[PDB]
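Trainee: Sharing a structure, written as structure tokens. Questions coming.
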Number of protein chains: 2
Amino acid sequence: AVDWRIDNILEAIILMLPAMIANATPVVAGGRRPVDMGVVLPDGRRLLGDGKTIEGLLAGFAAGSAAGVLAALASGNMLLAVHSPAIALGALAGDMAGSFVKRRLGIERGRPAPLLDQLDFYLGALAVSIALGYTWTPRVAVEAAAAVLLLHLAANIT
Amino acid sequence: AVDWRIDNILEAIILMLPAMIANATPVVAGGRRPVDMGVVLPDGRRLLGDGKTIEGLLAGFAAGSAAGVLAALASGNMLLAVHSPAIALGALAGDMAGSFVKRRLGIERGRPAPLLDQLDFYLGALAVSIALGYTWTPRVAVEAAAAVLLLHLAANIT
Ligand SMILES: Nc1ccn([C@@H]2O[C@H](COP(=O)(O)OP(=O)(O)OP(=O)(O)O)[C@@H](O)[C@H]2O)c(=O)n1
Ligand SMILES: Nc1ccn([C@@H]2O[C@H](COP(=O)(O)OP(=O)(O)OP(=O)(O)O)[C@@H](O)[C@H]2O)c(=O)n1
Ligand SMILES: [K+]
Ligand SMILES: [K+]
Ligand SMILES: [Mg+2]
Ligand SMILES: [Mg+2]
Ligand SMILES: [Mg+2]
Ligand SMILES: [Mg+2]
Ligand SMILES: [Mg+2]
Ligand SMILES: [Mg+2]
């Protein structure tokens, strides 16, 4: 069950799974057309870099929308099918905002920014869910962030 | 005033100011003897790197202890003079743990790891305060973290 007060970790995980899926899909869908059209800024660095492709955004968005159907059916909350596309967009925007910040700091495309690399999409998606009218408790907002960390390190321990 | 339930941002700021001061002091005190004795690990990277010096740790510890005297006098809570050295140590340990993680990821000494570079000392200090018996609310734990970010970006906007 998902209501407007996100106050347990399973409910956060249901709400956020479209974002997680939107964030993870571009690594398999590939892509080769950069969102930033290859633009370099006056600091010598790409605006976003090659890691952000238009095929990535579309597959991520498509995947997040499809997952929100599953979130809506699993939870009985049909609003999840309407909200999950917007949340997917926030996840995708936050991942790009993180790449933007890495480039401005001189961090080359692909080099690790620990914490930021794992949480940027979560923070964009979280921001959108709040713009949509959801209230998070701070504890469950922290737990979900740590659950994102645990699964990323869970993805790499396998 | 500082009690055992850290539940407002000013009380968190008083408790944490020794850690902030412990974390900031090594950048001026210099230092040239690495904590890691120059050891390189089998992955080819330094254990900690040159950025962690023994003079840094001592000046940081000294500074954090001195600040806890000010925290104890400002708040009327004499236990702050006893706790602030341990909290300073947690701040120093967390900053080293962050450098450790950067080296294992191939991030060279001094290259930016945004978020991690600003929060590692806060997380060590927070861990020690909880080991000491303090309870944080999640909201004030998040606020203080964002206040650390805001001041670091405040340090750089001046
Ligand atoms: N909008 C996106 C997001 C990611 N990806 C693909 O997924 C990979 C991994 O994503 P990410 O780790 O975020 O990109 P990085 O290669 O690490 O680049 P950056 O340093 O900007 O994070 C990218 O290389 C890219 O192949 C994509 O095509 N389009
Ligand atoms: N225990 C410490 C902590 C820091 N410093 C000094 O303060 C500077 C800045 O601290 P920090 O940013 O944490 O070190 P970095 O140079 O960025 O190295 P790292 O990549 O490991 O973070 C260091 O270069 C070093 O001169 C020190 O001497 N001893
Ligand atoms: K990323
Ligand atoms: K640091
Ligand atoms: Mg609820
Ligand atoms: Mg670049
Ligand atoms: Mg990456
Ligand atoms: Mg209190
Ligand atoms: Mg090294
Ligand atoms: Mg640094």
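Numbering starts fresh at 1 for the residues of each chain in the structure tokens, the chains themselves are lettered A, B, ... in the order given, and ligands are numbered from 1 as they appear.
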Could I have chain A as a CSV table (one decimal) with N, CA and C atoms, in the first residue's frame after it is superimposed on chain B by least squares, pairing all C-alpha atoms in sequence order?
Mentor:
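Heads up, here's the output in out29.csv:
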```csv
chain,number,residue,atom,x,y,z
A,1,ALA,N,21.6,25.6,24.7
A,1,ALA,CA,21.4,24.4,25.5
A,1,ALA,C,21.6,23.2,24.7
A,2,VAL,N,22.3,22.2,25.3
A,2,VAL,CA,22.5,20.9,24.6
A,2,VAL,C,22.1,19.8,25.6
A,3,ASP,N,21.1,19.0,25.3
A,3,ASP,CA,20.7,17.8,26.1
A,3,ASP,C,21.0,16.6,25.2
A,4,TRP,N,20.5,15.5,25.7
A,4,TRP,CA,20.8,14.2,25.0
A,4,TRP,C,20.0,13.9,23.8
A,5,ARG,N,18.9,14.7,23.6
A,5,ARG,CA,18.0,14.5,22.4
A,5,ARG,C,18.3,15.7,21.5
A,6,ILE,N,19.1,15.4,20.5
A,6,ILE,CA,19.5,16.5,19.5
A,6,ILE,C,18.3,16.7,18.6
A,7,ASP,N,17.5,17.7,18.8
A,7,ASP,CA,16.3,17.9,18.1
A,7,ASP,C,16.0,19.3,17.6
A,8,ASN,N,17.1,20.2,17.6
A,8,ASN,CA,17.0,21.4,16.9
A,8,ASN,C,18.4,21.8,16.3
A,9,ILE,N,18.4,22.6,15.2
A,9,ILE,CA,19.6,22.7,14.4
A,9,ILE,C,20.6,23.5,15.2
A,10,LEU,N,20.2,24.4,16.1
A,10,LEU,CA,21.2,25.2,16.9
A,10,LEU,C,21.9,24.2,17.9
A,11,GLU,N,21.2,23.3,18.5
A,11,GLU,CA,21.7,22.4,19.4
A,11,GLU,C,22.7,21.4,18.7
A,12,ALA,N,22.3,21.0,17.5
A,12,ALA,CA,23.2,20.2,16.6
A,12,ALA,C,24.4,21.0,16.3
A,13,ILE,N,24.3,22.3,16.0
A,13,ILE,CA,25.4,23.1,15.6
A,13,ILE,C,26.4,23.2,16.8
A,14,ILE,N,25.8,23.4,18.0
A,14,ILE,CA,26.7,23.5,19.2
A,14,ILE,C,27.5,22.2,19.4
A,15,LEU,N,26.7,21.0,19.3
A,15,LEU,CA,27.4,19.8,19.6
A,15,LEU,C,28.5,19.5,18.5
A,16,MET,N,28.2,19.9,17.3
A,16,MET,CA,29.1,19.5,16.1
A,16,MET,C,30.2,20.5,15.9
A,17,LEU,N,30.1,21.7,16.5
A,17,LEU,CA,31.2,22.7,16.1
A,17,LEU,C,32.6,22.2,16.5
A,18,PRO,N,32.8,21.4,17.5
A,18,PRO,CA,34.2,20.9,17.7
A,18,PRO,C,34.6,20.0,16.5
A,19,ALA,N,33.7,19.2,15.9
A,19,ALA,CA,34.0,18.4,14.8
A,19,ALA,C,34.3,19.2,13.6
A,20,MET,N,33.5,20.2,13.3
A,20,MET,CA,33.7,21.2,12.2
A,20,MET,C,35.1,21.8,12.4
A,21,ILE,N,35.4,22.2,13.6
A,21,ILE,CA,36.7,22.8,13.8
A,21,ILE,C,37.8,21.8,13.7
A,22,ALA,N,37.6,20.6,14.2
A,22,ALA,CA,38.6,19.6,14.0
A,22,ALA,C,38.8,19.3,12.5
A,23,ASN,N,37.8,19.3,11.8
A,23,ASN,CA,37.9,19.0,10.3
A,23,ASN,C,38.6,20.1,9.5
A,24,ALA,N,38.4,21.3,10.0
A,24,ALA,CA,38.9,22.5,9.2
A,24,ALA,C,40.3,22.9,9.5
A,25,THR,N,40.8,22.5,10.7
A,25,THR,CA,42.1,23.0,11.2
A,25,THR,C,43.3,22.4,10.4
A,26,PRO,N,43.3,21.1,10.0
A,26,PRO,CA,44.4,20.6,9.2
A,26,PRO,C,44.8,21.3,7.9
A,27,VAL,N,43.8,22.1,7.4
A,27,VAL,CA,44.1,22.8,6.1
A,27,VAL,C,45.0,24.0,6.3
A,28,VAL,N,45.1,24.5,7.6
A,28,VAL,CA,46.0,25.6,7.9
A,28,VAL,C,47.2,25.1,8.6
A,29,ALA,N,47.1,24.1,9.5
A,29,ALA,CA,48.2,23.6,10.2
A,29,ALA,C,49.3,23.0,9.4
A,30,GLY,N,48.9,22.7,8.1
A,30,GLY,CA,49.9,22.0,7.2
A,30,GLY,C,50.1,20.6,7.6
A,31,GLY,N,51.3,20.2,7.8
A,31,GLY,CA,51.7,18.8,8.1
A,31,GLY,C,52.5,18.2,6.9
A,32,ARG,N,53.3,17.3,7.2
A,32,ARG,CA,54.1,16.7,6.1
A,32,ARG,C,54.5,15.2,6.4
A,33,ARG,N,54.1,14.7,7.6
A,33,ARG,CA,54.3,13.3,7.9
A,33,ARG,C,53.0,12.6,7.6
A,34,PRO,N,52.9,11.7,6.6
A,34,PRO,CA,51.6,11.1,6.3
A,34,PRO,C,51.3,10.1,7.4
A,35,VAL,N,50.0,10.0,7.8
A,35,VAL,CA,49.5,9.0,8.7
A,35,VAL,C,49.8,7.6,8.2
A,36,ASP,N,49.7,7.4,6.8
A,36,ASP,CA,49.9,6.1,6.3
A,36,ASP,C,51.3,5.7,6.0
A,37,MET,N,52.3,6.5,6.5
A,37,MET,CA,53.7,6.2,6.3
A,37,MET,C,54.1,6.1,4.9
A,38,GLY,N,53.3,6.6,3.9
A,38,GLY,CA,53.6,6.4,2.5
A,38,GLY,C,53.2,5.0,2.0
A,39,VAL,N,52.5,4.2,2.7
A,39,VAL,CA,52.2,2.8,2.2
A,39,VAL,C,51.3,2.8,1.0
A,40,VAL,N,51.6,2.0,0.0
A,40,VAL,CA,50.8,1.8,-1.2
A,40,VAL,C,50.2,0.4,-1.1
A,41,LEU,N,48.9,0.3,-1.4
A,41,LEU,CA,48.2,-1.0,-1.4
A,41,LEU,C,48.4,-1.8,-2.7
A,42,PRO,N,48.1,-3.1,-2.7
A,42,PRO,CA,48.2,-3.9,-4.0
A,42,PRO,C,47.4,-3.3,-5.1
A,43,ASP,N,46.4,-2.4,-4.9
A,43,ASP,CA,45.7,-1.8,-6.1
A,43,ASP,C,46.5,-0.7,-6.7
A,44,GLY,N,47.7,-0.4,-6.2
A,44,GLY,CA,48.5,0.6,-6.7
A,44,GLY,C,48.3,2.0,-6.1
A,45,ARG,N,47.4,2.2,-5.2
A,45,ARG,CA,47.1,3.4,-4.6
A,45,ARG,C,47.6,3.5,-3.2
A,46,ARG,N,47.8,4.8,-2.7
A,46,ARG,CA,48.2,5.0,-1.3
A,46,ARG,C,47.1,4.5,-0.4
A,47,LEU,N,47.4,4.0,0.8
A,47,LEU,CA,46.5,3.6,1.8
A,47,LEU,C,45.5,4.8,2.2
A,48,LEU,N,46.1,6.0,2.4
A,48,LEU,CA,45.4,7.2,2.7
A,48,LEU,C,45.8,8.4,1.7
A,49,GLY,N,47.1,8.5,1.4
A,49,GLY,CA,47.6,9.6,0.7
A,49,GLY,C,48.2,10.6,1.6
A,50,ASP,N,48.9,11.6,0.9
A,50,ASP,CA,49.6,12.7,1.6
A,50,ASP,C,48.7,13.7,2.3
A,51,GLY,N,47.4,13.7,1.9
A,51,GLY,CA,46.5,14.7,2.5
A,51,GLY,C,46.2,14.5,4.0
A,52,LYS,N,46.6,13.3,4.5
A,52,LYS,CA,46.4,13.0,5.9
A,52,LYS,C,47.7,12.9,6.7
A,53,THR,N,48.0,14.0,7.4
A,53,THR,CA,49.3,14.1,8.1
A,53,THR,C,49.1,13.9,9.6
A,54,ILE,N,50.2,13.5,10.3
A,54,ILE,CA,50.1,13.4,11.7
A,54,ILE,C,50.0,14.7,12.4
A,55,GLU,N,50.6,15.8,11.9
A,55,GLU,CA,50.4,17.1,12.4
A,55,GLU,C,49.0,17.6,12.2
A,56,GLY,N,48.4,17.1,11.1
A,56,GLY,CA,47.0,17.4,10.8
A,56,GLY,C,46.1,16.8,11.9
A,57,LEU,N,46.3,15.6,12.2
A,57,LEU,CA,45.5,14.9,13.3
A,57,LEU,C,45.7,15.6,14.6
A,58,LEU,N,46.9,15.9,15.0
A,58,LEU,CA,47.1,16.5,16.3
A,58,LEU,C,46.5,17.9,16.4
A,59,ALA,N,46.8,18.8,15.4
A,59,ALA,CA,46.2,20.1,15.4
A,59,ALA,C,44.7,20.0,15.4
A,60,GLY,N,44.1,19.1,14.6
A,60,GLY,CA,42.7,18.9,14.6
A,60,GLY,C,42.1,18.5,15.9
A,61,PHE,N,42.8,17.5,16.6
A,61,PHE,CA,42.4,17.0,17.9
A,61,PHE,C,42.5,18.1,18.9
A,62,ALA,N,43.6,18.8,19.0
A,62,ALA,CA,43.8,19.9,19.9
A,62,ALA,C,42.7,21.0,19.7
A,63,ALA,N,42.5,21.4,18.4
A,63,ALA,CA,41.5,22.4,18.1
A,63,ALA,C,40.1,22.0,18.5
A,64,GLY,N,39.8,20.7,18.3
A,64,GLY,CA,38.4,20.2,18.6
A,64,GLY,C,38.3,20.2,20.1
A,65,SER,N,39.3,19.8,20.9
A,65,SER,CA,39.2,19.8,22.3
A,65,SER,C,39.1,21.3,22.8
A,66,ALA,N,39.9,22.2,22.3
A,66,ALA,CA,39.7,23.6,22.7
A,66,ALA,C,38.3,24.1,22.5
A,67,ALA,N,37.7,23.8,21.3
A,67,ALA,CA,36.4,24.2,20.9
A,67,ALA,C,35.3,23.6,21.8
A,68,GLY,N,35.5,22.4,22.3
A,68,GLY,CA,34.6,21.8,23.2
A,68,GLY,C,34.5,22.5,24.5
A,69,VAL,N,35.6,23.1,25.0
A,69,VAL,CA,35.6,24.0,26.1
A,69,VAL,C,34.6,25.2,25.8
A,70,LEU,N,34.8,25.8,24.7
A,70,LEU,CA,33.8,26.9,24.3
A,70,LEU,C,32.4,26.4,24.2
A,71,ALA,N,32.2,25.1,23.6
A,71,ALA,CA,30.9,24.6,23.5
A,71,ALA,C,30.3,24.4,24.9
A,72,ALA,N,31.1,23.8,25.8
A,72,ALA,CA,30.6,23.6,27.2
A,72,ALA,C,30.3,24.9,27.9
A,73,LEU,N,31.1,26.0,27.7
A,73,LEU,CA,30.8,27.2,28.4
A,73,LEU,C,29.6,27.9,27.7
A,74,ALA,N,29.5,27.9,26.4
A,74,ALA,CA,28.4,28.5,25.7
A,74,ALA,C,27.1,27.9,26.1
A,75,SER,N,27.0,26.6,26.3
A,75,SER,CA,25.8,25.9,26.5
A,75,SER,C,25.5,25.6,28.0
A,76,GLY,N,26.4,25.8,28.9
A,76,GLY,CA,26.2,25.4,30.2
A,76,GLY,C,26.3,23.9,30.5
A,77,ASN,N,26.6,23.1,29.5
A,77,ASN,CA,26.7,21.7,29.6
A,77,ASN,C,28.2,21.3,29.6
A,78,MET,N,28.7,21.0,30.9
A,78,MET,CA,30.1,20.7,31.0
A,78,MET,C,30.4,19.4,30.4
A,79,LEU,N,29.5,18.5,30.1
A,79,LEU,CA,29.8,17.2,29.5
A,79,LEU,C,30.4,17.5,28.1
A,80,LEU,N,30.0,18.6,27.4
A,80,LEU,CA,30.6,18.9,26.1
A,80,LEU,C,32.1,19.0,26.2
A,81,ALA,N,32.7,19.4,27.3
A,81,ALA,CA,34.2,19.5,27.4
A,81,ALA,C,34.8,18.1,27.4
A,82,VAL,N,34.0,17.1,27.9
A,82,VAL,CA,34.5,15.7,28.0
A,82,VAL,C,34.2,15.0,26.7
A,83,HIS,N,33.0,15.3,26.0
A,83,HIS,CA,32.6,14.6,24.8
A,83,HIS,C,33.3,15.1,23.6
A,84,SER,N,33.6,16.4,23.5
A,84,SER,CA,34.1,17.0,22.3
A,84,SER,C,35.4,16.4,21.8
A,85,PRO,N,36.4,16.0,22.7
A,85,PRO,CA,37.6,15.3,22.2
A,85,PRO,C,37.2,14.0,21.4
A,86,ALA,N,36.3,13.2,22.0
A,86,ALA,CA,35.9,12.0,21.3
A,86,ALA,C,35.2,12.3,20.0
A,87,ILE,N,34.4,13.3,20.0
A,87,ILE,CA,33.7,13.7,18.7
A,87,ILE,C,34.7,14.2,17.7
A,88,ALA,N,35.6,15.0,18.1
A,88,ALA,CA,36.7,15.5,17.3
A,88,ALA,C,37.4,14.3,16.6
A,89,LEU,N,37.7,13.2,17.4
A,89,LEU,CA,38.3,12.0,16.9
A,89,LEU,C,37.4,11.3,15.9
A,90,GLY,N,36.1,11.3,16.1
A,90,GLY,CA,35.2,10.7,15.1
A,90,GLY,C,35.2,11.6,13.8
A,91,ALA,N,35.3,12.9,13.9
A,91,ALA,CA,35.4,13.7,12.8
A,91,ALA,C,36.7,13.4,12.0
A,92,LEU,N,37.8,13.3,12.7
A,92,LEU,CA,39.1,13.0,12.1
A,92,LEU,C,39.1,11.6,11.5
A,93,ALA,N,38.5,10.6,12.2
A,93,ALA,CA,38.5,9.3,11.7
A,93,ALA,C,37.6,9.2,10.4
A,94,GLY,N,36.5,9.8,10.4
A,94,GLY,CA,35.6,9.8,9.3
A,94,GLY,C,36.2,10.5,8.0
A,95,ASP,N,37.0,11.6,8.2
A,95,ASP,CA,37.7,12.2,7.1
A,95,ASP,C,38.7,11.3,6.6
A,96,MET,N,39.4,10.6,7.4
A,96,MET,CA,40.4,9.6,6.9
A,96,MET,C,39.7,8.4,6.3
A,97,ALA,N,38.6,7.9,6.8
A,97,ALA,CA,37.8,6.9,6.2
A,97,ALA,C,37.4,7.3,4.8
A,98,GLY,N,37.0,8.6,4.6
A,98,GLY,CA,36.6,9.1,3.3
A,98,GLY,C,37.8,9.1,2.3
A,99,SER,N,39.0,9.5,2.8
A,99,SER,CA,40.2,9.4,2.0
A,99,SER,C,40.5,8.0,1.6
A,100,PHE,N,40.4,7.1,2.6
A,100,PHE,CA,40.6,5.7,2.3
A,100,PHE,C,39.7,5.2,1.1
A,101,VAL,N,38.4,5.6,1.2
A,101,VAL,CA,37.5,5.2,0.1
A,101,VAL,C,37.8,5.8,-1.2
A,102,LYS,N,38.3,7.1,-1.2
A,102,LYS,CA,38.7,7.7,-2.4
A,102,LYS,C,39.9,7.0,-3.1
A,103,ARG,N,40.9,6.6,-2.3
A,103,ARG,CA,42.0,5.9,-2.8
A,103,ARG,C,41.6,4.6,-3.4
A,104,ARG,N,40.8,3.8,-2.7
A,104,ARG,CA,40.4,2.5,-3.2
A,104,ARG,C,39.6,2.6,-4.6
A,105,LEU,N,39.0,3.8,-4.8
A,105,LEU,CA,38.3,4.0,-6.0
A,105,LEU,C,39.2,4.6,-7.1
A,106,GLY,N,40.5,4.8,-6.9
A,106,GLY,CA,41.3,5.4,-7.8
A,106,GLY,C,41.2,6.9,-7.9
A,107,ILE,N,40.6,7.6,-6.9
A,107,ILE,CA,40.5,9.0,-6.9
A,107,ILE,C,41.8,9.6,-6.3
A,108,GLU,N,42.6,10.3,-7.1
A,108,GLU,CA,43.9,10.8,-6.6
A,108,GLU,C,43.7,11.9,-5.5
A,109,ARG,N,44.7,12.0,-4.7
A,109,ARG,CA,44.7,12.9,-3.5
A,109,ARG,C,44.3,14.3,-3.9
A,110,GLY,N,43.3,14.9,-3.2
A,110,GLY,CA,42.9,16.2,-3.6
A,110,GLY,C,41.8,16.4,-4.7
A,111,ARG,N,41.6,15.4,-5.5
A,111,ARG,CA,40.5,15.5,-6.5
A,111,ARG,C,39.2,15.5,-5.8
A,112,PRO,N,38.2,16.2,-6.3
A,112,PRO,CA,37.0,16.4,-5.6
A,112,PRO,C,36.1,15.1,-5.6
A,113,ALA,N,35.6,14.7,-4.5
A,113,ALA,CA,34.5,13.7,-4.3
A,113,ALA,C,33.4,14.5,-3.7
A,114,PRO,N,32.5,15.1,-4.5
A,114,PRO,CA,31.5,16.0,-3.9
A,114,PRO,C,30.5,15.1,-3.0
A,115,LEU,N,30.0,15.8,-2.0
A,115,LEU,CA,29.2,15.1,-0.9
A,115,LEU,C,30.1,14.4,0.0
A,116,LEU,N,30.9,13.4,-0.5
A,116,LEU,CA,31.7,12.6,0.4
A,116,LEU,C,32.8,13.5,1.1
A,117,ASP,N,33.4,14.4,0.3
A,117,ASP,CA,34.4,15.3,0.8
A,117,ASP,C,33.9,16.2,1.9
A,118,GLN,N,32.6,16.5,1.8
A,118,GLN,CA,32.0,17.5,2.8
A,118,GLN,C,31.4,16.8,4.0
A,119,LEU,N,31.0,15.5,3.9
A,119,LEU,CA,30.2,14.9,4.9
A,119,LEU,C,30.9,13.8,5.7
A,120,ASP,N,32.0,13.3,5.2
A,120,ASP,CA,32.7,12.1,5.9
A,120,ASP,C,33.0,12.4,7.3
A,121,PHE,N,33.5,13.6,7.6
A,121,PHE,CA,33.8,14.0,9.0
A,121,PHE,C,32.5,14.1,9.8
A,122,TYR,N,31.4,14.6,9.2
A,122,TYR,CA,30.2,14.8,9.9
A,122,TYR,C,29.6,13.4,10.3
A,123,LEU,N,29.7,12.4,9.4
A,123,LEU,CA,29.2,11.1,9.7
A,123,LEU,C,30.0,10.3,10.8
A,124,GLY,N,31.4,10.5,10.8
A,124,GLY,CA,32.1,10.0,11.9
A,124,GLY,C,31.8,10.6,13.2
A,125,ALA,N,31.7,11.9,13.2
A,125,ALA,CA,31.3,12.7,14.4
A,125,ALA,C,29.9,12.3,14.9
A,126,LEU,N,29.0,12.2,14.0
A,126,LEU,CA,27.6,11.8,14.3
A,126,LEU,C,27.6,10.4,14.9
A,127,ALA,N,28.4,9.5,14.3
A,127,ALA,CA,28.5,8.1,14.8
A,127,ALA,C,29.0,8.1,16.3
A,128,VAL,N,30.0,8.9,16.6
A,128,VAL,CA,30.6,9.0,17.9
A,128,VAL,C,29.6,9.6,18.9
A,129,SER,N,28.9,10.6,18.5
A,129,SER,CA,27.9,11.2,19.4
A,129,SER,C,26.8,10.2,19.8
A,130,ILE,N,26.4,9.3,18.8
A,130,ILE,CA,25.5,8.3,19.1
A,130,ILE,C,26.1,7.2,20.0
A,131,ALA,N,27.3,6.8,19.7
A,131,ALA,CA,28.0,5.9,20.7
A,131,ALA,C,28.1,6.5,22.0
A,132,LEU,N,28.2,7.9,22.1
A,132,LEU,CA,28.3,8.5,23.5
A,132,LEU,C,26.9,8.5,24.2
A,133,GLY,N,25.8,8.2,23.5
A,133,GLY,CA,24.5,8.3,24.2
A,133,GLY,C,23.6,9.3,23.7
A,134,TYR,N,23.9,10.1,22.7
A,134,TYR,CA,23.0,11.1,22.1
A,134,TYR,C,22.1,10.5,21.2
A,135,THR,N,20.8,10.9,21.2
A,135,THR,CA,19.8,10.5,20.2
A,135,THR,C,19.6,11.7,19.3
A,136,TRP,N,19.7,11.5,18.0
A,136,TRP,CA,19.4,12.5,17.0
A,136,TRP,C,18.0,12.3,16.4
A,137,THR,N,17.2,13.3,16.2
A,137,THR,CA,16.1,13.1,15.3
A,137,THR,C,16.6,13.0,13.9
A,138,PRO,N,16.0,12.2,13.0
A,138,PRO,CA,16.4,12.1,11.6
A,138,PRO,C,16.3,13.5,10.9
A,139,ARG,N,15.3,14.3,11.2
A,139,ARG,CA,15.2,15.6,10.6
A,139,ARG,C,16.4,16.5,10.9
A,140,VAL,N,16.8,16.5,12.2
A,140,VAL,CA,17.9,17.4,12.6
A,140,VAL,C,19.2,16.8,12.1
A,141,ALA,N,19.3,15.5,11.9
A,141,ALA,CA,20.5,14.9,11.3
A,141,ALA,C,20.6,15.3,9.9
A,142,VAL,N,19.5,15.4,9.1
A,142,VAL,CA,19.6,15.8,7.8
A,142,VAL,C,19.9,17.3,7.7
A,143,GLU,N,19.2,18.1,8.6
A,143,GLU,CA,19.4,19.6,8.5
A,143,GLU,C,20.9,19.9,8.8
A,144,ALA,N,21.5,19.3,9.8
A,144,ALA,CA,22.9,19.6,10.1
A,144,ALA,C,23.8,19.2,8.9
A,145,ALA,N,23.5,18.1,8.2
A,145,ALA,CA,24.2,17.7,7.0
A,145,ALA,C,24.1,18.8,6.0
A,146,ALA,N,22.9,19.3,5.7
A,146,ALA,CA,22.7,20.3,4.8
A,146,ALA,C,23.3,21.6,5.2
A,147,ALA,N,23.4,21.9,6.5
A,147,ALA,CA,24.1,23.0,7.0
A,147,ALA,C,25.6,22.9,6.8
A,148,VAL,N,26.1,21.7,6.9
A,148,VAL,CA,27.5,21.5,6.5
A,148,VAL,C,27.7,21.9,5.1
A,149,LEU,N,26.9,21.3,4.2
A,149,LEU,CA,27.0,21.7,2.8
A,149,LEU,C,26.9,23.2,2.6
A,150,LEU,N,25.9,23.8,3.2
A,150,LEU,CA,25.7,25.2,3.0
A,150,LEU,C,26.9,26.1,3.4
A,151,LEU,N,27.6,25.6,4.5
A,151,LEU,CA,28.7,26.4,5.0
A,151,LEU,C,29.9,26.2,4.1
A,152,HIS,N,30.1,25.0,3.6
A,152,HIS,CA,31.2,24.7,2.7
A,152,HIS,C,31.0,25.5,1.4
A,153,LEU,N,29.8,25.5,0.8
A,153,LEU,CA,29.5,26.4,-0.3
A,153,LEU,C,29.5,27.8,0.2
A,154,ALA,N,29.2,28.1,1.5
A,154,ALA,CA,29.4,29.4,2.0
A,154,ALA,C,30.8,29.8,2.1
A,155,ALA,N,31.7,28.9,2.5
A,155,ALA,CA,33.1,29.2,2.6
A,155,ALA,C,33.7,29.6,1.2
A,156,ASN,N,33.1,29.0,0.1
A,156,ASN,CA,33.6,29.2,-1.2
A,156,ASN,C,33.0,30.3,-2.0
A,157,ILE,N,31.8,30.8,-1.5
A,157,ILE,CA,31.2,32.0,-2.1
A,157,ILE,C,31.9,33.3,-1.5
A,158,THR,N,32.8,33.1,-0.5
A,158,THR,CA,33.5,34.3,0.0
A,158,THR,C,35.0,34.2,-0.4
```
Trainee: Quick check for you: according to DSSP on this backbone, which residues of chain B are classed as alpha helix (DSSP H)? Reply as a ChimeraX atom specification.
Mentor: /B:9-24,26-29,54-75,79-104,116-131,138-156
